[PDB]
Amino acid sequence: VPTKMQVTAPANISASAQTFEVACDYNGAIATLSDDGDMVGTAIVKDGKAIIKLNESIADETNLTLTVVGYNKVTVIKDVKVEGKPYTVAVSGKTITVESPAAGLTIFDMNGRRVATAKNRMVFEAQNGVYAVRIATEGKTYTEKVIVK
């Protein structure tokens, strides 16, 4: 029969974040952030903390799952909200065109840095790489991930 461990972590994470700190009272436990199957980062608990260094931008996520696993411990799971149909995200070479009536549009680069903010419509002039696009309507945020060659 496994025992319990104590885990405390924020309820939210910035779309631009680079790390995520989890307190846990079992040294050697493993804390991991994921979007079911995309493993976005992992750290071992040492001195009561795991500082998860994210391996990719999470700006294309609305939620992530925190999982903390330990030898003979009951696994602890938490949802974490990531905070920056009725739209289109278009790519054409180096330009990304985003449209959605009455929406906040945001674009983030592959280092999680926010590169563009506009209302309703924008054209963004990109560089080679992967971007996240956030379209924030009333009641709901959507995201897409765009590859620019």
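Throughout, we count residues from 1 along the sequence that is shown.
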item: Sequence continuity check, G112 and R113 (deposited residues unmodelled); value: none
item: Mean temperature factor over C-alpha atoms, higher-scoring stretch between 99 to 107 and 26 to 34; value: 99 to 107
item: 136 to 144 or 5 to 13, whichever carries the higher mean Cα B-factor; value: 136 to 144
item: Peak C-alpha temperature factor (PDB record), options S92, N55, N63, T67; value: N55
item: Which of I44, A59, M39, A116 ranks first by CA B-factor in the deposited coordinates; value: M39
